[PDB]
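Presented below, as structure tokens, is a lone chain in the form deposited in one PDB entry.
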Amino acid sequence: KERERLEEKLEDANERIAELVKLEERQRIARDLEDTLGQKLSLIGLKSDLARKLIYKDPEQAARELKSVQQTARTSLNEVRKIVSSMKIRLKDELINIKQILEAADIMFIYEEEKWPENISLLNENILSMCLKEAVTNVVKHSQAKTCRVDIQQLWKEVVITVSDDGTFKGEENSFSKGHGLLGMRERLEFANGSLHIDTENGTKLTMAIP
């Protein structure tokens, strides 16, 4: 009846982790909104007040300011749908989308369909997807690969997706773009007590694990 106390303190902690990362989500999200979006909207107000001043005397230019308000409302709307999506992907869907990305990059898509996992949640599933997006985006974008092999495997407690490629690695200890592509991926695996692994030994072999 002491080891069970150990379980009450440790559980307190395994709930705490959950809340203080849901907060990662929160703050980062209000950051995007606040910044990108709100700045766009301020811009819209100012350019439309300006065009409103121009109407009578410089109309040719009021219409230009207004072409600009038009486009900033556009871009703001795209930013919104971008968020929304960063909140709404499908696994078997990402498979098709990257299938197209590489097919298009003139890269060979080796996928040997296996056992589609059962022990996976949908926060987990969506994270997995994302890491798919950035791993393939990075392969296409950099590797120099001519082949990419994607293994989705139910394995034990967790799904594992390895994304391998033959190309050469362009990465130096800076490359790890502080809070960007691969760092986003890997911190994002570390939080859900999964993990990201990379073996540059033979081209570049990526590896994602998630309960």
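Shifts are known only where both forms have a C-alpha. Note that residue numbering begins at 1 and tracks the sequence as displayed. Rigid core (definition): largest C-alpha set, two forms, superposition within 1.5 Å.
Beyond the structure shown, there is the form deposited in another entry, which is absent from this document and is the topic of what follows.
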So with the core overlaid, does the Cα of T162 end up 2 Å or more away between the shown form and the other one? no
Verify the C-alpha shift of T147 between the shown form and the other one: is it 2 Å or more after superposing the core? no
Core superposition between the shown form and the other one, C-alpha change of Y111 at least 2 Å: no
Evidently the Cα separation of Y111 and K115 changes by 3 Å or more in the other entry, so the atoms lie closer
Of the residues shared between the shown form and the other one, runs of 3+ whose Cα all shift 2 Å or more on the rigid core are 1-85, 112-119
